[PDB]
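As stored in structure09.cif (mmCIF, N, CA and C atoms):
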data_coords
#
loop_
_atom_site.group_PDB
_atom_site.id
_atom_site.type_symbol
_atom_site.label_atom_id
_atom_site.label_comp_id
_atom_site.auth_asym_id
_atom_site.auth_seq_id
_atom_site.Cartn_x
_atom_site.Cartn_y
_atom_site.Cartn_z
ATOM 1 N N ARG Z 1 -21.541 28.452 13.771
ATOM 2 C CA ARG Z 1 -21.259 29.788 13.220
ATOM 3 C C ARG Z 1 -21.993 29.976 11.894
ATOM 4 N N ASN Z 2 -21.606 29.176 10.893
ATOM 5 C CA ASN Z 2 -22.220 29.157 9.575
ATOM 6 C C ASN Z 2 -23.460 28.270 9.653
ATOM 7 N N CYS Z 3 -24.558 28.822 10.182
ATOM 8 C CA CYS Z 3 -25.787 28.085 10.454
ATOM 9 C C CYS Z 3 -26.298 27.335 9.222
ATOM 10 N N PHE Z 4 -26.227 27.969 8.046
ATOM 11 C CA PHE Z 4 -26.693 27.393 6.793
ATOM 12 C C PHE Z 4 -25.561 26.609 6.122
ATOM 13 N N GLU Z 5 -25.049 25.594 6.834
ATOM 14 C CA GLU Z 5 -24.065 24.631 6.345
ATOM 15 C C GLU Z 5 -24.667 23.222 6.299
ATOM 16 N N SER Z 6 -25.572 22.909 7.235
ATOM 17 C CA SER Z 6 -26.287 21.643 7.303
ATOM 18 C C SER Z 6 -27.660 21.879 7.929
ATOM 19 N N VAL Z 7 -28.582 20.932 7.725
ATOM 20 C CA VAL Z 7 -29.907 20.968 8.331
ATOM 21 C C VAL Z 7 -29.806 20.953 9.860
ATOM 22 N N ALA Z 8 -28.852 20.188 10.409
ATOM 23 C CA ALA Z 8 -28.601 20.118 11.840
ATOM 24 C C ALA Z 8 -28.189 21.490 12.378
ATOM 25 N N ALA Z 9 -27.161 22.097 11.770
ATOM 26 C CA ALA Z 9 -26.672 23.415 12.154
ATOM 27 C C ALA Z 9 -27.792 24.456 12.090
ATOM 28 N N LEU Z 10 -28.544 24.470 10.983
ATOM 29 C CA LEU Z 10 -29.671 25.367 10.757
ATOM 30 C C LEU Z 10 -30.681 25.233 11.900
ATOM 31 N N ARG Z 11 -31.152 24.007 12.163
ATOM 32 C CA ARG Z 11 -32.114 23.708 13.215
ATOM 33 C C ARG Z 11 -31.648 24.238 14.571
ATOM 34 N N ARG Z 12 -30.497 23.767 15.064
ATOM 35 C CA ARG Z 12 -29.996 24.159 16.376
ATOM 36 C C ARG Z 12 -29.801 25.675 16.479
ATOM 37 N N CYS Z 13 -29.299 26.306 15.411
ATOM 38 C CA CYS Z 13 -29.092 27.745 15.350
ATOM 39 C C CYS Z 13 -30.411 28.510 15.491
ATOM 40 N N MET Z 14 -31.424 28.181 14.678
ATOM 41 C CA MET Z 14 -32.694 28.900 14.700
ATOM 42 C C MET Z 14 -33.475 28.648 15.994
ATOM 43 N N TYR Z 15 -33.341 27.453 16.589
ATOM 44 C CA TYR Z 15 -33.882 27.174 17.915
ATOM 45 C C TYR Z 15 -33.200 28.077 18.946
ATOM 46 N N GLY Z 16 -31.862 28.091 18.937
ATOM 47 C CA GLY Z 16 -31.048 28.893 19.832
ATOM 48 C C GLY Z 16 -29.588 28.465 19.711
#
Mind turning the file's structure into structure tokens?
Amino acid sequence: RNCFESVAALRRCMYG
């Protein structure tokens, strides 16, 4: 949900 919480979350979110 909060994509910009970790590098992992950010990556998976921006990928899809």
Problem set entry | chain Z: residues DSSP assigns to alpha helix (DSSP H), reported as an NGL selection string | :Z and (7-15)
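Residues in contact range of residue 2 in chain Z, defined as at most 10 Å between only C-alpha atoms, with sequence neighbours fewer than 6 positions away removed, read residues 9, 10 and 13 of chain Z.
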Problem set entry | Between CA of residue 16 in chain Z and atom C of residue 4 in chain Z, distance in Å (one decimal) | 14.9 Å
For this session: Could you check how far atom C of residue 1 in chain Z sits from CA of residue 14 in chain Z, in Å to one decimal?
Result: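 So the two atoms, atom C of residue 1 in chain Z and CA of residue 14 in chain Z, lie 11.1 Å apart.
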Where atoms are absent from chain Z, fill them in so it carries N, CA, C and O atoms, then output it as a short mmCIF file (atom, residue, chain, number, x, y, z; two decimals), in the frame of the given file.
data_model
loop_
_atom_site.label_atom_id
_atom_site.label_comp_id
_atom_site.auth_asym_id
_atom_site.auth_seq_id
_atom_site.Cartn_x
_atom_site.Cartn_y
_atom_site.Cartn_z
N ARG Z 1 -21.54 28.45 13.77
CA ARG Z 1 -21.26 29.79 13.22
C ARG Z 1 -21.99 29.98 11.89
O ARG Z 1 -22.90 30.80 11.79
N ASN Z 2 -21.61 29.18 10.89
CA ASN Z 2 -22.22 29.16 9.57
C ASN Z 2 -23.46 28.27 9.65
O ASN Z 2 -23.41 27.10 9.27
N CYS Z 3 -24.56 28.82 10.18
CA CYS Z 3 -25.79 28.08 10.45
C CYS Z 3 -26.30 27.34 9.22
O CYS Z 3 -26.71 26.18 9.33
N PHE Z 4 -26.23 27.97 8.05
CA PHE Z 4 -26.69 27.39 6.79
C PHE Z 4 -25.56 26.61 6.12
O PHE Z 4 -25.18 26.90 4.99
N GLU Z 5 -25.05 25.59 6.83
CA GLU Z 5 -24.06 24.63 6.34
C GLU Z 5 -24.67 23.22 6.30
O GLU Z 5 -24.31 22.43 5.42
N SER Z 6 -25.57 22.91 7.24
CA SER Z 6 -26.29 21.64 7.30
C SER Z 6 -27.66 21.88 7.93
O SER Z 6 -27.87 22.89 8.60
N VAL Z 7 -28.58 20.93 7.72
CA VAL Z 7 -29.91 20.97 8.33
C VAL Z 7 -29.81 20.95 9.86
O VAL Z 7 -30.57 21.65 10.53
N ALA Z 8 -28.85 20.19 10.41
CA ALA Z 8 -28.60 20.12 11.84
C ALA Z 8 -28.19 21.49 12.38
O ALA Z 8 -28.80 21.99 13.32
N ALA Z 9 -27.16 22.10 11.77
CA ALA Z 9 -26.67 23.42 12.15
C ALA Z 9 -27.79 24.46 12.09
O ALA Z 9 -27.98 25.21 13.04
N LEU Z 10 -28.54 24.47 10.98
CA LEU Z 10 -29.67 25.37 10.76
C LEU Z 10 -30.68 25.23 11.90
O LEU Z 10 -31.01 26.23 12.55
N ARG Z 11 -31.15 24.01 12.16
CA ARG Z 11 -32.11 23.71 13.22
C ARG Z 11 -31.65 24.24 14.57
O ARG Z 11 -32.33 25.07 15.17
N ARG Z 12 -30.50 23.77 15.06
CA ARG Z 12 -30.00 24.16 16.38
C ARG Z 12 -29.80 25.68 16.48
O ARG Z 12 -30.12 26.26 17.51
N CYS Z 13 -29.30 26.31 15.41
CA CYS Z 13 -29.09 27.74 15.35
C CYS Z 13 -30.41 28.51 15.49
O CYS Z 13 -30.51 29.40 16.34
N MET Z 14 -31.42 28.18 14.68
CA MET Z 14 -32.69 28.90 14.70
C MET Z 14 -33.48 28.65 15.99
O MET Z 14 -34.17 29.55 16.46
N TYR Z 15 -33.34 27.45 16.59
CA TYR Z 15 -33.88 27.17 17.92
C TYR Z 15 -33.20 28.08 18.95
O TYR Z 15 -33.87 28.74 19.73
N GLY Z 16 -31.86 28.09 18.94
CA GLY Z 16 -31.05 28.89 19.83
C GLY Z 16 -29.59 28.46 19.71
O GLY Z 16 -28.86 29.11 18.92
#
